[PDB]
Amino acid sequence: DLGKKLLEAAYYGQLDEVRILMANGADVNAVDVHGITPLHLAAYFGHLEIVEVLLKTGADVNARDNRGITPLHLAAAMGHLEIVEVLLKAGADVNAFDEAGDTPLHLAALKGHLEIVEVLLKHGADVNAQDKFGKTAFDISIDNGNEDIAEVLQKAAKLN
């Protein structure tokens, strides 16, 4: 019951309740039948303070759901730069591959987030990683017409 309440607290930005539930023994690594953890939900919905509290209390920064999606994948796709930075500082795998072969860099390129792309690159994101469709992050930025992101990915590749 505490784990379900913790998932819901993360979903709805219930920071104070997150603290209370974990003081009362809730598993910070509670996981639903889809593989989704409180940290995934806080990352997806942009709840930065909840991300921080969960990490402080032992959340697995690299939890994969049943599709191989990590909290970093979700924060990168949803445009939450500070969360991206916090997750990386806590040891998030910058080049985690989901079941489609997409990395956080692929998703940040897919959703056109320039500074998130840049931070991922500064932390070692792999410009040569291909997803299961043969696409690198650069290919995605070409496909979606984002010239600024394509330029920074091409620069990164040239200087590797």
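In case it trips you up, residue 1 is the first one in the sequence shown, and so on.
> Using only C-alpha atoms and the B-factors in the entry, which stretch averages higher, 100-108 or 130-138?
According to the PDB entry, the answer is 130-138.
> Looking at the deposited entry, does 112-120 or 24-32 carry the larger mean Cα B-factor?
Result: 24-32.
> Looking at the temperature factor on the CA atom of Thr70, which third of the chain's modelled residues does it land in?
It falls in the bottom third of the chain.
> Please place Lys56 in the lowest, middle or highest third of its chain according to the CA B-factor in the PDB entry.
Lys56: CA B-factor falls in the highest third of its chain.
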